[PDB]
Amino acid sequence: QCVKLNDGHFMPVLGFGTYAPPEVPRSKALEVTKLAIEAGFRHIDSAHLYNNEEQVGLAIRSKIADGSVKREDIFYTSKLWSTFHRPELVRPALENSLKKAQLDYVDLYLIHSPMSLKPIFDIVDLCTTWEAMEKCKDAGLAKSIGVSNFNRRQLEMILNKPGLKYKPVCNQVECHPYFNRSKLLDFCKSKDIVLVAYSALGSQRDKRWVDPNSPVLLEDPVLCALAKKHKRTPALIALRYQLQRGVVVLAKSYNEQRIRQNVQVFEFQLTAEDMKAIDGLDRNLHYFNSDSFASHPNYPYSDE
């Protein structure tokens, strides 16, 4: 199923995460995205940063051409990188992403991060950035627009902005049972903004940002015990948890069996006591925990 965004477009509640580290050959993105779509994923999440938009766009285009899906059946997201926050760079950045994927529009374009970087931090009025995002929606380059990695104060800046034309439709943020973002989620619901969860499975645990001493979400004993009870897997439990919270949930896998397993999130339900047990895991643990972000004046996790 899908969720009605606050601008009237619709978003599939489960999305495919397409990020892979640079040691994974770029042709895997084409292959796995084709698998995702065959498996039943209709929401595909990419970004300028992932250096995979040609491959992902080709995968979407390949599945339109062969007859499996229609463009308007696919919800494709891309993201504005933090070196392009200056308002005059926004539209050309988006048009670059589209030429790379060879598509006419993105369903969703997001400000990837509030932590501006020089075109080595930058200072930019993100309200100016949002104005340019708005014009990309008027132009039809993006059906919807939203933000990513914003905390409550940052989201409030946009929402309170003088003569705002469009609210962000979503805020895509790290969100999983160790960092469930309850309060931020409550804020979003009260504003008709969708929370989209990334690293819903614990992240890829990339050395560049994630301490390998951190606990592995999918080895959690409460997730394991729910997986045993439901006869599913800890991944499916963590994904189903989010849908029942009203959170749209991304799942990255580059494995043919796991990609298919993840669509089974629609085949079962957790009870109220399951949801409470999982809610009890929250431990203010964000996996991305890096000097590269932490020392930024607009670091989202300062207000915690």
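Between two forms, the rigid core is defined as the largest C-alpha subset superposing within 1.5 Å. Note that residue numbering begins at 1 and tracks the sequence as displayed.
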Rigid core fitted first, then name the stretch among 284 to 292 and 11 to 19 whose C-alphas deviate most from the displayed form in 9 other deposited structures of this protein.
284 to 292
Check the entry and tell me how many residues of the deposited sequence have no coordinates between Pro119 and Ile120: none, 1 to 3, 4 to 9, or 10 or more.
10 or more
Between 198 to 206 and 96 to 104, the record assigns the higher mean Cα B factor to 96 to 104
Mean B factor on CA atoms, stretches 161 to 169 and 213 to 221, record says higher is 161 to 169
Which has the highest CA B-factor per the PDB entry: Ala294, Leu281, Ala20, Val13?
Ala294
Chain thirds of CA B-factor: placement of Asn51:
middle
Sorting the chain's modelled residues by C-alpha B-factor, tell me whether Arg153 ends up in the lowest, middle or highest third.
highest
Using only modelled residues of the chain, where does the Cα B factor of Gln244 rank: lowest third, middle third or highest third?
lowest
If you rank the chain by CA B-factor, which third does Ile111 end up in: lowest, middle or highest?
lowest
Among the modelled residues of its chain, does the C-alpha B-factor of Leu236 lie in the lowest, middle or highest third?
lowest
